[PDB]
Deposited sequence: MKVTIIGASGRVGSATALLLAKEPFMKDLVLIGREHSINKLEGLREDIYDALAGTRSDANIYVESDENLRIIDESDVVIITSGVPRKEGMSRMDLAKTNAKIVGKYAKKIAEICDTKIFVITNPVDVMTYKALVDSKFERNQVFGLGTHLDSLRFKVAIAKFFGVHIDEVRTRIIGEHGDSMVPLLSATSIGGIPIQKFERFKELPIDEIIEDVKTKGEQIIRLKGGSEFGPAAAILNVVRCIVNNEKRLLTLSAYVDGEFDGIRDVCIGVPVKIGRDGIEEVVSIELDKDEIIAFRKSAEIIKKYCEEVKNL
């Protein structure tokens, strides 16, 4: 497999690089950064080679600037983590427009070289995925974003802890915006396969407290972080696993009254990327909240669309 990471010089990009390099299916790993980052990337490559020393890995690591993307040709997946993180003093719209220009430029440049899958990590992820889809002109199954995948895993841990059951027995998910308008799907939450609604303890679940925790600490490491979540999706693709993850994907009516937007939703993932957006009936409160979330995201998409 060949993977390119644009934004490898950053925190999440460098962590992801280290994890991917250790994978048996990894053949060619391309690390892209701006010209002023080459020295740092060369340092990262040496660190990776040291970590791989002793093993029989035959993976090649490349370091290149973003001036000429010829090197990304034939990549199975291109991960974009370039972008300015949560600014201490700025609005989400300024963040959206600022990163829209970064992700959009890379999406357009990638498409000039080859057809491939784009995995967007830069925030606001749902909006950046949409912008990447628009500027690349790729098919809807080829562009997606981390979305609420890690948020849903965090929620899983919280529920398992509350019921006192093994983590494996809990399957849940959060859809919508990877932000304050996320929607926990209690109608699609099972414990040992049993609907969570069928437990008397469900009545005492601190849903509000738990969600508050996911909204503010959702991108933090779980005592497993963003890097591990990204590897999870990459493995699902190269191994054609067919899992029903929750990622930022393009929707066009799968959920009545929701179209022309990218937003966290259940999808079946495989070697062909988003092989399908799984549409199911939601409960009254969930659909209302989901529409609300989609409306918030649609506004940002409309504002960065032409940038």
Stretches with no C-alpha atoms in the model, relative to the deposited sequence starting at 1
224-229
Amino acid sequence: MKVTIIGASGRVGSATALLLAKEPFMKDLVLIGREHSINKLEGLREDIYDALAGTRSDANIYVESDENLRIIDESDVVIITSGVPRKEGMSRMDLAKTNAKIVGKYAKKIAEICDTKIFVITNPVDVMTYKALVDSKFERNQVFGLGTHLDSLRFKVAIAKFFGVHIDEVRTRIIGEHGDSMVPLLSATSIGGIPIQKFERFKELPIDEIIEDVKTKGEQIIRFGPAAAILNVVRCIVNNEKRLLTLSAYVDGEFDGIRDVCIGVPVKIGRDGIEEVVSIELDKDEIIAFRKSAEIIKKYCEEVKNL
From here on, numbers count along this sequence of modelled residues.
Out of 273-281 and 54-62, which one has CA B-factors that are higher on average in the deposited record?
54-62
Could you check which stretch, 174-182 or 80-88, carries the larger mean CA temperature factor in the entry?
80-88
Hey, out of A227, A111, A96, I194, whose CA B-factor is highest in the deposited coordinates?
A96
Per the entry, which of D213, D126, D151, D135 tops the list for Cα B factor?
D213
Modelled-residue ranking by C-alpha temperature factor, third containing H36:
middle
According to the PDB entry, is the CA B factor of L247 in the bottom, middle or top third of its chain, that is, lowest, middle or highest?
lowest
Split the chain's modelled residues into thirds by Cα B-factor; is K27 in the lowest, middle or highest one?
highest
Here the Cα B-factor of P206, set against its chain, lands in the third termed highest
Position of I221 among the chain's modelled residues by C-alpha B-factor, lowest, middle or highest third:
highest
